[PDB]
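Only one chain comes next, encoded as structure tokens, the form deposited in one PDB entry.
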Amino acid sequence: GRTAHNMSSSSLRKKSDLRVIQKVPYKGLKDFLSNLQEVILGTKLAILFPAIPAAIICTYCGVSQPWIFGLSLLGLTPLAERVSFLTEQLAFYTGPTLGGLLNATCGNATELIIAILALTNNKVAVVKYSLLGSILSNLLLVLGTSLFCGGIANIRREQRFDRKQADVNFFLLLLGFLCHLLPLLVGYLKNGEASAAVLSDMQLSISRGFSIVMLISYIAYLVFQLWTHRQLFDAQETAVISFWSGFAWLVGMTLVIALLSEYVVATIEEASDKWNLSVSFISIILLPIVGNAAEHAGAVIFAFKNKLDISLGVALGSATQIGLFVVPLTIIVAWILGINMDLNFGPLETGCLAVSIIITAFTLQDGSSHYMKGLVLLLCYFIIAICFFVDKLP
């Protein structure tokens, strides 16, 4: 049996069989050209790989920073797909339990490296928008496109899913919303004869005590999902690359993601001036699209097959990891380094997170779906996108 993310990781794989240059005339370079054809050429997004050496040469030549920022997003779009592919090529050699533990802590690898490299460069605002923008993308854009495109193709058939597997995710997202609401309400307590230095050290001290509780709720979620109630999770039912070759490519792709994520962070303020876009719009709308490349194109294919237990397991499972594992890990790392970071996102950002959890919880509680459920979730994503397009706050 496979997990819900093993099924959806091989959705953009293209079978590449040259068998003319490599197979027949060669005798010695047979294994080296087989690993290279499988990993590099073996995808549907292989036209974006020349954007990786283009951004490195433009860095060491002196091209202006809006050109580097444009090419370093097209480079990370196939790299986030290969890392989310080579991990499931290790799950055949490790098993569905241990493979589900490497997938639960390294599923969102691009959203994790950006949120740390922007944290160490004192850009705490860019950390907060990109982590919020990855929760709203999975709840509204990835989930809305699945129920709308899979609801027009299957308009004459019957569409059902299991409620009990997806209700655990909305319980944890409401525990995470409480950890964002309460630092926001402390900052509106200025009537209590306390200065600005008193209210700011209270927001920082409760946000660091909340992050320990949020990590305990995610460790217990993994025991639920992998061992105690596995029976409703492996209801979905071979590796090509050898193990020690697949371990070497995974270290190689991670250093190139961590290299191109430095170009995104260092060239985001000047790319905002020359494009006349706010820094809040680029970080919350455009930048989470790079990470959700194979999850977004893997939950839609399993909606045309009317398997809506896989579309919900990818969309809701990746938003619980951002909200309760990647957000409270950033607070603990800032606790060690000594950087003032709390769970206060803002009044306009908390109100968008509140409605997005409530409208998703009412949509998915009868166990059936049609195309009108998936359109309301799309149009709520454009309302959020118009609001941060206009909000050019200097």
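Quick note: we count residues from 1 along the sequence shown, nothing fancier. Only the largest set of C-alpha atoms that superpose within 1.5 Å between the two forms is called the rigid core.
According to the PDB entry, the deposited sequence runs on from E158 to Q159 with no residue lacking coordinates between them.
This protein has a second form, the form deposited in another entry, left out of what is shown; the following refers to that one.
Shift analysis on the rigid core between this form and the one not shown singles out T105 from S278, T105, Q203, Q165 (C-alpha displacement of 2 Å or more). Once the cores line up, the CA of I359 ends up less than 2 angstroms apart between this form and the one not shown.
With the core held fixed, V39 shows a CA shift of 2 Å or greater between this form and the one not shown.
Compared with the form shown, the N103-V333 C-alpha separation increases in the other entry, the change being 3 Å or greater. Note: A104-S311 Cα separation is 3 Å or more shorter in the other entry than here.
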